[PDB]
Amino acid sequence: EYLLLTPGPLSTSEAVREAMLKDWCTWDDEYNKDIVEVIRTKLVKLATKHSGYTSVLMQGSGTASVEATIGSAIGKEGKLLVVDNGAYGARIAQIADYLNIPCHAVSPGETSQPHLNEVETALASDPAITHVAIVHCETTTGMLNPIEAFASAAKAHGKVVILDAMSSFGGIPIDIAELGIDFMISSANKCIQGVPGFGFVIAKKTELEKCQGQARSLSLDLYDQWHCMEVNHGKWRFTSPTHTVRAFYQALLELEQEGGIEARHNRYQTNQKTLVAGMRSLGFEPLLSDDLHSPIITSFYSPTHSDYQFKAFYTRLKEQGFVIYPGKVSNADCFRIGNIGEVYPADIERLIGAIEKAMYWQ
């Protein structure tokens, strides 16, 4: 009915939703081997060309998979270093606080890319740090963080690297082995284009094996979940959201049929650049400078006009068949427009015309 221009849950294809029409037995080999183990194999190949990697699927929101990683990888005597330049980086610090894990937040500001100066200074002054965490795309602003330079500084200091690639994996090309990522966390419902219900972790097999007996949660026990899936060939310890897992298997086939991540990245990149160009022609201004823009979601400043109201602008756009998203920027009045899911160049063009008609304050 509406095109969801959100960061996810988003507009999924008909086949992705149609795949949810069958019921599955959680104990049957058709589910565990022919569905789950296929997902697991495909996910590892999508994340790297290299050996030594493995995948774990975890029920719940994507945050639950981020908490599974933090609470399972970090030992009793470990300390976390986080790059917090948005709500998601802050959420990694909040997880650490709940789990009583010593944490050092390196806050570079929401509208600027992390100065690796602060990072290298934290890594040199604080030898107690065992793990470092960074958000690939800060979905709050749509900022693309420099994960390569960051993970390299961490590997140089002999620290474990955790990447929150929730809004980037499947839509931005990355080889986690080459970049030196130890744990890469991502979603079923963002760039891969499945539906929500679970998340996953693609990890270096040697680093995942170290998580055994270190977990702070039974449900979020990364090793125990991984080990059950390994020895029982796809078996989830507790009930898996079967329908959403089948929808994800379909979303993977549609990613292969598009031409993979490189092809999806190009479609996203074109959508985002056409969107920014069209929005600028209508007088809107992006929150970040173009060099910091990700091809996933763009933050735009709310019009300074006294008659402007997000809810009113949002409602007028919904009437035209487009669902935009509110801004999450702490020290800025903003709104966001995602360009992921069933969003194609023709849609972005139809949207720019719809933005124009929804500009009631003109």
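Don't overthink the numbering: it's just position in the shown sequence, from 1.
K.L.:
Output the stretch having the higher mean C-alpha B factor in the entry; the candidates are 78 to 86 and 193 to 201.
P.N.:
Higher mean C-alpha B-factor in the PDB entry: 78 to 86.
K.L.:
Identify the stretch, either 239 to 247 or 253 to 261, whose C-alpha atoms have the larger mean B-factor according to the entry.
P.N.:
Looking at the record's C-alpha B-factors, the answer is 253 to 261.
K.L.:
In this PDB entry, which of 325, 300, 308, 31 has the top CA B-factor?
P.N.:
It is 308.
K.L.:
For the listed 224, 164, 178, 230, which has the peak Cα B-factor recorded in the PDB entry?
P.N.:
So the option with the highest C-alpha B-factor is 178.
K.L.:
Comparing against every modelled residue in the chain, figure out the third that the C-alpha B-factor of residue 217 lands in (lowest, middle or highest).
P.N.:
Its C-alpha B-factor belongs to the lowest third of this chain's values.
K.L.:
Quick one: classify residue 321 as lowest, middle or highest third of the chain based on its Cα B-factor.
P.N.:
Middle third - that is where residue 321 ends up once the chain's C-alpha B-factors are sorted.
K.L.:
Looking at the temperature factor on the CA atom of residue 159, which third of the chain's modelled residues does it land in?
P.N.:
For residue 159, whose C-alpha B-factor we compare with every modelled residue in the chain, the answer is the highest third.
K.L.:
In terms of the chain's CA B-factor thirds, is residue 138 lowest, middle or highest?
P.N.:
It falls in the bottom third of the chain.
K.L.:
Name the third of the chain's ranked CA B-factors that contains residue 304, choosing lowest, middle or highest.
P.N.:
According to the entry, residue 304 has a C-alpha B-factor in the chain's highest third.
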